[PDB]
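*Asks:* sequence unknown, structure follows:
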């Protein structure tokens, strides 16, 4: 399940500018644990990123 | 027994491997699969990844 789509989703997580390292690590773990949840996880991470906007 | 969600060593290894600058995508993904196959190998696989990263330095 670790293919090109996985790489894209992981990059999307780590480039969210307002998440901190523990948060990105946690999202990346969740993606690794279930790559089929990428859409839900990416939407969750973006929502949290926006909640943390300066 | 350490469950994956409760395993900081596995989670840190995934995060560090994803950041390594000199691996290719195939290497990264192979490490992620090897971690899935046996999370007790996190320390060994992270060390192997850093070794390959350093061997593959562009200068």
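*Replies:* In hand now; what should we look at? Numbering: from 1, shown residues only, chains lettered A, B, ... in the order given.

*Asks:* How about the secondary structure of residue A:8?
*Replies:* Here residue A:8 is recorded as helix under DSSP: H, G, I helix; E, B strand; the rest coil.

*Asks:* Could you give the number of residues near it?
*Replies:* 11 (other C-beta atoms under 10 Å in any protein chain shown). In this view, the C-beta of every residue, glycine as well, is placed from N, C-alpha and C.

*Asks:* Excluding chain neighbours, what is closest to the residue nearest in space to the middle of chain A?
*Replies:* Taking C-alpha atoms, centre = their mean, the centroid of chain A lies closest to residue A:13, which sits 3.2 Å from it. Excluding the flanking residues, the one nearest residue A:13 by C-beta to C-beta, 6 or more residues apart in numbering or on different chains is residue A:27, at 4.7 Å.

*Asks:* isn't the one you found right next to residue A:43, touching?
*Replies:* No: counting by C-beta atoms under 8 Å, residue A:27 stays clear of residue A:43, with 11.1 Å between them.

*Asks:* List, one by one, the residues from chain A near chain B.
*Replies:* A:2-4, A:6-7, A:10, A:14, A:21, A:24-26, A:28-29, A:32-33 (C-beta under 8 Å from any C-beta of the partner chain).

*Asks:* Point out the ones among those that are inside helices.
*Replies:* Among the residues of chain A next to chain B, the members found in helices (DSSP state H) are A:4, A:6-7, A:10, A:14, A:21, A:24-26, A:28-29, A:32-33.
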